[PDB]
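**Q**
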Amino acid sequence: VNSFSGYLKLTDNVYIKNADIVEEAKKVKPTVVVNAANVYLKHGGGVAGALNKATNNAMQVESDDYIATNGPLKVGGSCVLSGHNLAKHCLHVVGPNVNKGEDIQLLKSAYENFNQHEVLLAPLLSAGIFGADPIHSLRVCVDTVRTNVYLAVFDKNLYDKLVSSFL
Ligand SMILES: C[C@@H]1CCN(c2ncnc3[nH]ccc23)[C@H](CO)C1
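Numbering (the authors' numbering), first residue to last: 3 to 169.
Laid out in structure tokens, this is it:
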């Protein structure tokens with residue numbers, strides 16, 4: 003039993019909800035919140051910009067030190083950093099950005115990072131400003147993640163379409 007509330011159950015382990023991941027994180031304070039990161043951990047917009055703003059830019063400061071030490075992530079890769087005031091940990095995961103020409107096949111690799119954590123709060127990878135089809139992203143999530151994932155979908159209209167079209 004966990005403290006996530008109000009989710010629809012898609013499968014044994016995947017739950018979905020219309021919610022602002024920032025407000026969800028602030029309420030649940032989960033062990034792991036997933037960020038929709040880029041390889042530079044530049045949290046300018048989308049989910050990443052919103053999560054960073056909620057940390058008063060502390061996420062960005064930590065991220066800049068990480069990059070200065072380690073260099074960029076791989077597309078499809080991840081790193082674990084602090085969750086600041088939002089969660090114990092933040093798993094920064096880089097899904098392909100279609101608006102950069104990045105291979106959508108890397109979306110499965112991106113979701114594989116979730117399997118290293120028993121329970122996660124997460125957005126749909128490569129959705130929004132990353133330019134992928136959120137319906138495809140949900141399918142890859144369900145077919146790749148085996149741990150317990152609680153998906154927050156900000157857009158109510160998008161949430162209803164994902165549920166009504168889910169196979
Ligand atoms: C994944 C894409 C980009 C961002 N995204 C979000 N999903 C959940 N929580 C969020 N908080 C702020 C943005 C956001 C969009 C959902 O409409 C689609």
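Cβ coordinates follow ideal geometry from the N, Cα and C atoms, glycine included.
For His-86, tell me which candidate among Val-147, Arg-148, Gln-118 and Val-34 has the shortest Cα-Cα distance.
**A** The shortest C-alpha separation from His-86 is found at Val-34.
**Q** With distances taken from each beta carbon to the nearest heavy atom of ligand 1, which residues come in below 6 angstroms, in chain order?
**A** Spelled out in chain order, the answer is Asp-22, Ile-23, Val-24, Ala-38, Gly-48, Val-49, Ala-52, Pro-125, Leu-126, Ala-129, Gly-130, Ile-131, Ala-154, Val-155, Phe-156, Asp-157 and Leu-160.
**Q** In the structure shown, what three-state DSSP assignment does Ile-106 receive?
**A** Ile-106 falls in the coil class under three-state DSSP.
**Q** With the cut-off set at 8 angstroms, would you say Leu-153 and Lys-19 are in Cβ contact?
**A** A contact, by the Cβ cut-off of 8 angstroms.
**Q** Quick one: any contact between the stretch 161-169 and the stretch 73-86, if contact means 3 or more CB pairs under 8 angstroms?
**A** The stretch 161-169, when compared against the stretch 73-86, does not touch it at the 8 angstroms Cβ threshold.
**Q** Would the stretch 62-70 and the stretch 138-154 be scored as touching if the rule is three or more Cβ pairs under 8 angstroms?
**A** Segments in contact, no.
**Q** List the whole-angstrom C-beta distance separating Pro-125 from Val-49, where the pair is believed to meet the contact cut-off of C-beta under 8 angstroms.
**A** With 8 angstroms as the limit, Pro-125 and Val-49 qualify as a contact, their Cβ atoms being about 5 angstroms apart.
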